[PDB]
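Okay, structure first, notes after.
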Amino acid sequence: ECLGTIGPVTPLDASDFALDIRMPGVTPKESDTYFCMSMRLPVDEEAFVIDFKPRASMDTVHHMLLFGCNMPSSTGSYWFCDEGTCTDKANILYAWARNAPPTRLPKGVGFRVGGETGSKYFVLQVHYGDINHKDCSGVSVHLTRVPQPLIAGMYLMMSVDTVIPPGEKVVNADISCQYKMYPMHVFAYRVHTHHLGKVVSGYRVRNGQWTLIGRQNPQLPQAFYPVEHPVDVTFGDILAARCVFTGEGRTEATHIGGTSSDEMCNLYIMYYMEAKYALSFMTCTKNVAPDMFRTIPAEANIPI
Ligand SMILES: [Cu+2]
Ligand code: NI
Numbered sequence: 021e022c023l024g025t026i027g028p029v030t031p032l033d034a035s036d037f038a039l040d041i042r043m044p045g046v047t048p049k050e051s052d053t054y055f056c057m058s059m060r061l062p063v064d065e066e067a068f069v070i071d072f073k074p075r076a077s078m079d080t081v082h083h084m085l086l087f088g089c090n091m092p093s094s095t096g097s098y099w100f101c102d103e104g105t106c107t108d109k110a111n112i113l114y115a116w117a118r119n120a121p122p123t124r125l126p127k128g129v130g131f132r133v134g135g136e137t138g139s140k141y142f143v144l145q146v147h148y149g150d151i157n158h159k160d161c162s163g164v165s166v167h168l169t170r171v172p173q174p175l176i177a178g179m180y181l182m183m184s185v186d187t188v189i190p191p192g193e194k195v196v197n198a199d200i201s202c203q204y205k206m207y208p209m210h211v212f213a214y215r216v217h218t219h220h221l222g223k224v225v226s227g228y229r230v231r232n233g234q235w236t237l238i239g240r241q242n243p244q245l246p247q248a249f250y251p252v253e254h255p256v257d258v259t260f261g262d263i264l265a266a267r268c269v270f271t272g273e274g275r276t277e278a279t280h281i282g283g284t285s286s287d288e289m290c291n292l293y294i295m296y297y298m299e300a301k302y303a304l305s306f307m308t309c310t311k312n313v314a315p316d317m318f319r320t321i322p323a324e325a326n327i328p329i
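Spelled out as structure tokens, the structure:
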């Protein structure tokens with residue numbers, strides 16, 4: 021339901037509050053419309069996101085994403101996300117998929133927001149699949170001023186230079202970076218691709234030995250799925266991902282971009298670190314060890 025007079029901030033206690041990020045009573049007119057809206061944080065000082073609660077209209081809402089960033093793409097009430105999510109790098113915090121119920125954040129793990137360096141805005145993306158009434162669906166977020174012993178963060182792996190020729194059977198997108206930070210522990214993962222993607226898989230390679238982080242079919246509902254067994258990545262380790270693509274069906278060559286006729290090989294690894302060692306976001310857009318992919322487990326090429 022639409023919040024009305026009470027407003028979006030509910031105090032939970034002296035140092036906690038719930039912030040309701042909602043659609044401002046939207047009415048979609050087409051199938052597969054993507055709406056976005058932002059919420060400046062209510063506190064300027066640092067705070068930690070410790071919990072999320074979905075408030076989705078189960079009929080119309082396909083998936084919801086929740087980002088943190090400093091420059092949302094529009095200064096408006098809401099907008100079509102084709103205009104963009106954020107001008108600066110948008111950090112994903114939460115993915116709600118229809119047919120894949122999200123996993124809770126471990127206790128003591130939180131995303132740092134606000135303050136001098138955290139995210140100053142939340143941006144809510146709601147995808148309306150099937151469609157007069159006004160929709161107020163969104164997420165309810167649990168913020169705390171209390172410093173958390175473990176800090177949540179995102180290691181993002183994405184391809185930039187992949188080129189898929191038309192009708193081509195199999196095209197591999199290889200991403201690889203060496204980890205040069207304090208240890209992190211992977212606890213969830215999301216895969217994102219468009220319609221040409223067949224399988225995505227991320228690994229930790231340590232002394233030539235591949236440890237699976239996540240292996241998923243990008244056509245299946247793109248939520249964050251929990252890691253089978255939590256995995257430490259440590260200074261020296263190499264993170265490695267592959268997306269497997271097809272060109273079959275396409276008439277012209279497909280590159281990396283933002284439209285449906287474009288592609289993307291995106292593995293979001295969610296992790297926690299020790300608060301005093303923690304950093305909040307890492308990105309790999311390179312393939313530093315290409316010849317290493319000769320020993321990639323065979324599972325990464327077969328479709329799930
Ligand atoms: Cu995309
Ligand atoms: Ni460990």
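In mature numbering (1 follows the signal peptide of the UniProt record, and there is no 0), the protein residues as written are 21 to 151, 157 to 329. Backbone N, C-alpha and C define an ideal beta-carbon position, used for all residues, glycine too.
From the listed residues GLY283, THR169, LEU304, the smallest Cα separation to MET206 is found for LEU304. Spanning the alpha carbons of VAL29 and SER58 requires a straight line of approximately 14 angstroms.
Residue burial is scored here from C-beta neighbours: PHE37 has at least 16 other C-beta atoms within 10 angstroms and is therefore classed as buried.
Of all alpha-carbon atoms in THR107, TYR214, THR276, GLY178, the one lying nearest the alpha-carbon of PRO190 is that of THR276.
About 6 angstroms separates the beta carbon of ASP160 from that of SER77, a gap short enough to meet the 8 angstroms contact definition.
Assigned with DSSP and collapsed to three states, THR320 falls in helix.
For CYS22, the three-state secondary structure derived from DSSP is coil.
DSSP, read as helix, strand or coil, puts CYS101 in helix.
The Cβ atoms of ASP71 and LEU125 sit closer than 8 angstroms to each other. A straight-line Cα-Cα distance of about 14 angstroms links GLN234 and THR259.
When the five nearest sequence neighbours on each side are left out, the beta carbons in the same chain lying within less than 7 angstroms of the beta carbon of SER51 are those of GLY149, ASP150, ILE151, in order along the chain. Those residues that have a beta carbon less than 6 angstroms away from any non-hydrogen atom of ligand 2 are, in order along the chain, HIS210, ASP257. For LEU61, there is no enclosing beta strand (DSSP E), as DSSP marks it with neither H nor E. Using a Cβ distance threshold of 8 angstroms, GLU288 and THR218 count as a contacting pair. One alpha carbon belongs to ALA117, the other to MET84, and they sit about 7 angstroms apart.
Between the alpha carbons of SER139 and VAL133 lies a distance of about 5 angstroms. Looking only at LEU61, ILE321, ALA300, the smallest Cα-Cα distance to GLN173 is reached by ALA300. Within the DSSP secondary-structure output, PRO92 pairs in a beta bridge with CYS106. Under the criterion of beta carbons closer than 8 angstroms, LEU168 and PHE68 qualify as touching, at roughly 7 angstroms. For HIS220, the distance from the CB to the nearest heavy atom of ligand 1 is not below 7 angstroms. Under the DSSP assignment, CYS268 falls in the beta strand (DSSP E) whose first and last residues are 263-270.
Burial of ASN291 is indicated by the presence of at least 16 other C-beta atoms within 10 angstroms of its C-beta. Of the residues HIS147, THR105, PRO44, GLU65, the one whose Cα lies closest to the Cα of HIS82 is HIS147. Proximity of the beta carbon of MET289 to ligand 1 is indicated: a heavy atom of the ligand is located closer than 7 angstroms. Between ligand 1 and the CB of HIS83, the shortest heavy atom gap is not smaller than 7 angstroms.
For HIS217, the distance from the CB to the nearest heavy atom of ligand 1 is below 7 angstroms.
In the structure shown, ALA314 falls within a coil segment according to DSSP collapsed to helix, strand and coil. The alpha-carbon of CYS268 is positioned some 43 angstroms away from that of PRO31. Boundaries of the beta strand (DSSP E) around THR308: 306-309. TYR297 is the residue among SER35, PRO315, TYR297, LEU39 whose C-alpha sits nearest the C-alpha of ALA213.
Your pair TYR114 and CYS56 does not check out as a contact, with CB atoms roughly 14 angstroms apart and the cut at 8 angstroms.
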